[PDB]
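Only one structure is covered here, and it is reproduced in the block below.
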Amino acid sequence: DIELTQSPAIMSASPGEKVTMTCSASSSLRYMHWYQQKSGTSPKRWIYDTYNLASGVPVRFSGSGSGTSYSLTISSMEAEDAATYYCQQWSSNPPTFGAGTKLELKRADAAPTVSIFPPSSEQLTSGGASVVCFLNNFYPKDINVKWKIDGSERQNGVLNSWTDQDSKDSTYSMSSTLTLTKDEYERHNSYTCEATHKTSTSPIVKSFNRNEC
Amino acid sequence: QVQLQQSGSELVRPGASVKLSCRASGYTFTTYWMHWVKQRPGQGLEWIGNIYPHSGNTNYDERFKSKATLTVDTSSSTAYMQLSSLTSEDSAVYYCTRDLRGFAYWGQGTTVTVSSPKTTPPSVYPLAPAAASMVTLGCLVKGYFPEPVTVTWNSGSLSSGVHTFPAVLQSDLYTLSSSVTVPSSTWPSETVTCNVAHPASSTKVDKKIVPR
């Protein structure tokens with residue numbers, strides 16, 4: 001009371017399965033619009049008047065849904081059916097529109113690599129301490145990350161960036177990165193990361209010290 | 001075809017009147033509803049309002065009133081969507097949907113970041129380790149204030165394993181990443197560099213990567 005959006009948030013389907021969308025509305029309507037908004041680029045039109053057509057959308061896309069519930073069903077997911085789809089309704093007190101349905105083509109789940117990097121000389125002379133551990137080429141999206149230095153955990157200054165979906169590997173690559181200051185680096189010795197993932201049982205752990213140069 | 005796109009606007013000093021210029025000329029002139037769609041980096045699509053050219057009726061919405069005017073001029077065929085008396089929350093991508101049965105004809109869009117900031121130059125710090137077949141590379145950026153930044157690797161010869169990382173926020177400074185993978189036959193054989201640029205500060209920082 002009162003927000004209207006599409007009901008399932010983040011989906012995932014292999015190329016060949018059924019992709020059925022579901023939009024929920026705060027008030028009833030008659031016509032419903034559907035879009036294909038790719039990441040970075042402007043959205044297009046996909047399905048208007050709840051079923052009709054578009055300019056470049058294929059014949060396999062189907063849609064329906066009257067009242068406060070809408071449904072745009074893909075008959076079989078292909079390589080070009082991976083987009084964030086939003087709905088709309090012209091008004092006369094707009095509801096307003098929803099968020100968008102992110103979805104990724106499913107494949108074999110791959111285990112990442114965790115590359116920790118020591119800070120060089122030029123950063124500590126300027127006075128910085130930024131230890132990273134780049135998680136590259138994993139599947140699926142979710143990793144419960146942990147930064148623990150010298151036995152105990154550390155969660156302050158931890159930043160997390162998500163490189164978007166790739167086209168040649170079709171995986172994701174993260175940058176697990178915490179930021180400290182130049183005096184907080186010379187009191188802790190072994191800097192490491194554990195990547196808790198559902199593929200491998202034990203997280204891959206690399207260690208390095210400060211007394212070696 | 002509806003030509004061509006929308007215009008750009010940068011950070012303006014607080015108190016002046018910025019103005020967008022939405023240049024859709026696909027005539028069709030002049031009876032339609034130029035609805036302006038605005039979306040945050042929170043991926044939600046919001047509505048800024050519409051304008052009508054035949055008589056002059058505009059509109060507004062509760063989260064963007066007072067005073068976002070949508071002026072119309074059929075001689076230049078543009079639609080204006082800039083909001084005055086603004087705050088920092090107007091830093092969002094601003095589209096231009098034309099009218100059909102749906103919202104069929106969009107523009108390309110612009111993001112206008114508005115504050116009272118200071119433009120800070122970037123600084124390339126070397127991320128190189130001090135063993136295995138392939139080693140990932142990179143160079144960190146720390147503390148550039150406006151969102152224009154540049155991402156290159158070897159100026160168009162080693163752009164294979166470049167992953168484009170977002171500049172998520174902490175302490176009002178943008179921090180992204182650009183990691184590339186190198187094989188052991190070229191490291192440290194060829195001299196790899198990363199050259200990032202900031203258009204808003206007009207500052208170029210370069211660094212050659214050395215094995216430590």
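Same order as they appear, the protein sequences are chains L and H.
What the first sequence shows, in the deposited numbering, is residues 1 to 213, in sequence order.
What the second sequence shows, in the deposited numbering, is residues 1 to 130, 135 to 216, in sequence order.
All C-beta atoms, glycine included, are put in the ideal place defined by N, C-alpha and C.
Judged by DSSP secondary structure, residue 122 of chain L falls within the alpha helix (DSSP H) whose first and last residues are 121-126. According to the DSSP assignment, residue 210 of chain H belongs to the beta strand (DSSP E) that extends over 207-212. Under the three-state reduction of DSSP, residue 89 of chain H is assigned to helix.
Contacts with chain H at 8 angstroms (Cβ-Cβ) include residue 159 of chain L. Within the model, the alpha-carbon separation for residue 145 of chain H versus residue 123 of chain H is close to 6 angstroms. Pairing residue 61 of chain L with residue 75 of chain L, the inter-Cα distance amounts to about 6 angstroms. At a cut-off of 8 angstroms between beta-carbon atoms, residue 79 of chain H makes no contact with chain L. Per DSSP, residue 198 of chain H is one residue of the beta strand (DSSP E) stretching across 197-202. Pairing residue 115 of chain L with residue 123 of chain L gives a Cβ-Cβ distance that is not under 8 angstroms. At a cut-off of 8 angstroms between beta-carbon atoms, residue 130 of chain H makes contact with chain L. Judged by beta-carbon spacing, residue 178 of chain H lies within the 8 angstroms limit of residue 151 of chain H, meaning their Cβ atoms are closer than that value.
According to the DSSP assignment, residue 63 of chain L belongs to the beta strand (DSSP E) that extends over 61-64.
In the three-state reduction of the DSSP assignment, residue 192 of chain H falls in the coil class. Per the coordinates, the alpha-carbon of residue 206 of chain H lies some 23 angstroms from the alpha-carbon of residue 88 of chain H. Shown here for residue 196 of chain H: same chain residues with a beta carbon closer than 6 angstroms to its own, the five before and five after excluded, namely 213 in chain order. Membership of residue 193 of chain L in any beta strand (DSSP E) is not indicated, and neither H nor E is assigned to it by DSSP. Straight-line measurement puts the Cα of residue 15 of chain H at about 15 angstroms from the Cα of residue 66 of chain H.
Collapsing the DSSP output to three states places residue 176 of chain H in coil. Counting C-beta atoms within 10 angstroms of its own C-beta, residue 173 of chain H has fewer than 16 neighbours from the protein chains shown and is therefore classed as exposed. Only 33, 42, 43, 45, 48 and 49 from the stretch 33-60 of chain L bring a Cβ to less than 7 angstroms from some Cβ of chain H.
For residue 35 of chain L, the uninterrupted beta strand (DSSP E) segment begins and ends at 33-35. Residue 171 of chain L is not a Cβ neighbour of residue 134 of chain L, given a cutoff of 8 angstroms.
Rounded to the nearest whole angstrom, the C-alpha separation of residue 38 of chain L and residue 186 of chain L is 45 angstroms. DSSP places residue 114 of chain L in the uninterrupted beta strand (DSSP E) bounded by 113-117.
It is roughly 15 angstroms from the alpha-carbon of residue 113 of chain H to the alpha-carbon of residue 95 of chain H. For the stretch 185-197 of chain H, the set of residues with a beta-carbon nearer than 7 angstroms to any beta-carbon of chain L is empty.
For the stretch 108-124 of chain L, the set of positions with a beta-carbon nearer than 9 angstroms to some beta-carbon of chain H reads 113, 115, 116, 117, 118, 119, 120, 121, 122 and 123 in chain order. Shown in chain order are the members of the stretch 95-108 of chain L whose Cβ falls below 9 angstroms from a Cβ of chain H: 96, 97, 98, 99, 100 and 102.
Residue 159 of chain L has its alpha-carbon roughly 8 angstroms from the corresponding atom of residue 179 of chain L. By the 16-neighbour rule on beta-carbons within 10 angstroms, residue 48 of chain H is buried. According to DSSP, residue 67 of chain L shares a beta bridge with L/29.
With respect to the C-alpha of residue 107 of chain H, the residue from H/137, H/69, H/5 and H/185 having the closest C-alpha is H/5.
Put simply, the CB of residue 94 of chain H is far from chain L, with every gap to its CB atoms at 8 angstroms or more. Scanning L/48, L/58, L/201 and L/165 for the CA closest to the CA of residue 107 of chain L turns up L/165. When C-alpha distances from residue 142 of chain H are compared across H/85, H/149 and H/163, the shortest belongs to H/163.
For residue 30 of chain H against residue 74 of chain H, the beta-carbon gap comes to about 5 angstroms, under 8 angstroms, which counts as contact.
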